Amino acid sequence: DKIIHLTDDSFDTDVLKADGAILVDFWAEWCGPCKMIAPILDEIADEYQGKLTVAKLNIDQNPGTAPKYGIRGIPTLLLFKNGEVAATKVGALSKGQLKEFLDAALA
Ligand SMILES: [Cu+2]
Ligand SMILES: [Cu+2]
């Protein structure tokens, strides 16, 4: 319930005008690894409450956002700070590896 489902249009407000950190998961229904990381993202959203918003963007229903960031495939994670990309990860990760990524990305 802490996870935000973005559209191409709502991205322009909820991400670009937001101070704070937002982890955006670019995914699609056909993508197996994307679906598998979904429970990890739920856990992160709870654990990082007050620190990080977790958001998802379904690239087939929202084809405009990924090209703006040069995203070539899914799953891809973009960590925004204050409306700008602050870190990226292409590919799926274990929970422990995702937390390592976040330690570095939030620093
Ligand atoms: Cu919930
Ligand atoms: Cu939930």
Side-chain angles (χ1 to χ4, degrees):
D1 67 282
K2 299 186 180 303
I3 293 196
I4 305 313
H5 309 261
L6 295 168
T7 67
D8 284 330
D9 293 339
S10 74
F11 181 94
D12 290 335
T13 294
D14 295 359
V15 177
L16 297 184
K17 302 184 191 200
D19 295 312
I22 305 173
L23 182 67
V24 182
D25 167 33
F26 289 81
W27 75 282
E29 176 66 8
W30 52 263
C31 171
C34 298
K35 298 190 91 161
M36 174 163 286
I37 69 174
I40 296 171
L41 291 169
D42 288 335
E43 293 172 20
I44 292 295
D46 293 346
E47 291 161 16
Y48 285 73
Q49 59 191 317
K51 181 132 140 293
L52 176 66
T53 299
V54 178
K56 298 171 79 168
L57 189 137
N58 179 327
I59 63 164
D60 285 345
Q61 297 284 86
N62 298 283
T65 300
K68 294 184 177 190
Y69 294 94
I71 291 169
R72 302 188 68 250
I74 55 169
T76 294
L77 299 171
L78 267 50
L79 188 280
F80 287 83
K81 292 175 189 175
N82 311 323
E84 301 287 350
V85 177
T88 73
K89 162 66 190 177
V90 176
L93 290 180
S94 67
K95 184 176 189 184
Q97 290 165 338
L98 179 57
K99 290 179 48 61
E100 289 187 278
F101 174 75
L102 292 172
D103 286 349
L106 293 168

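The analysis underlying the following values was restricted to heavy atoms, covering all of them including side chains, and did not include hydrogens, waters or symmetry mates. Counting from 1, the numbers follow the sequence of the chain as shown.
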*Asks:* Does the side chain of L78 come within less than 4.5 Å of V15's, by heavy atoms?
*Replies:* no

*Asks:* Kindly indicate, with the supporting measurements, whether the criterion side-chain contact (heavy atoms from CB on, under 4.5 Å) is fulfilled by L6 and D14.
*Replies:* CA-CA 8 Å; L6 295 168; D14 295 359; 3.6 Å; yes

*Asks:* Under the 3.5 angstrom rule, does the side chain of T76 hit a backbone N or O of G73 as a donor-acceptor pair?
*Replies:* yes

*Asks:* Listed by chain and number, what are the side chain to side chain donor-acceptor pair (under 3.5 Å) partners of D8, not counting sequence neighbours?
*Replies:* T65

*Asks:* What distance separates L57 CG from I74 CD1, expressed to the nearest 0.5 Å?
*Replies:* 10.5 Å

*Asks:* In the single-linkage hydrophobic clustering (I, L, V, M, F, W, Y; side-chain heavy atoms under 4.5 Å), do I71 and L77 co-cluster?
*Replies:* no

*Asks:* Quick one: does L41's side chain get under 4.5 Å of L23's, heavy atoms only?
*Replies:* yes

*Asks:* Say you draw a straight line from CD1 of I37 to SG of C31; how long is it, rounded to the nearest 0.5 Å?
*Replies:* 7.5 Å

*Asks:* Any pair with a residue in residues 90-104 that passes side-chain hydrogen bond (donor to acceptor under 3.5 Å, both in side chains), sequence neighbours left out, goes on the list, sorted by first then second residue, please.
*Replies:* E43-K95, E47-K95, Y48-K99, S94-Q97

*Asks:* Shared ILVMFWY cluster between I3 and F101, side chains joined below 4.5 angstrom?
*Replies:* yes

*Asks:* Would you mind listing every ring-ring contact (aromatic ring centres under 6.0 Å, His included) that reaches into residues 16-41, with sequence neighbours excluded?
*Replies:* none

*Asks:* Show the nearest heavy-atom pair for residues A107 and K81, with the distance to one decimal.
*Replies:* C-NZ, 3.8 Å

*Asks:* Where do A28 and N58 come nearest, in terms of heavy atoms and distance?
*Replies:* CA-OD1, 4.3 Å

*Asks:* According to a 4.5 Å side-chain heavy-atom criterion applied to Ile, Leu, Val, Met, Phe, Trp and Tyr, with indirect links allowed, do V54 and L79 form part of one hydrophobic cluster?
*Replies:* yes

*Asks:* Over all heavy atoms of both residues, which pair between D12 and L16 is shortest? Give the atoms and the distance, please.
*Replies:* O-CB, 3.5 Å

*Asks:* Would you say the side-chain atoms of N82 pair up with the backbone N or O of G20, donor to acceptor, closer than 3.5 Å?
*Replies:* yes

*Asks:* Same cluster for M36 and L93 if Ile/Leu/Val/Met/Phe/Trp/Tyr side chains link at under 4.5 Å?
*Replies:* no

*Asks:* If we only count heavy atoms from C-beta on, is the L52 to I44 side-chain gap below 4.5 Å?
*Replies:* yes

*Asks:* Under a 4.5 Å side-chain heavy-atom rule over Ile, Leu, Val, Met, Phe, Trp and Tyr, are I4 and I59 clustered together?
*Replies:* yes

*Asks:* Report yes if the side chains of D46 and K2 come closer than 4.5 Å at any heavy-atom pair, otherwise no.
*Replies:* yes

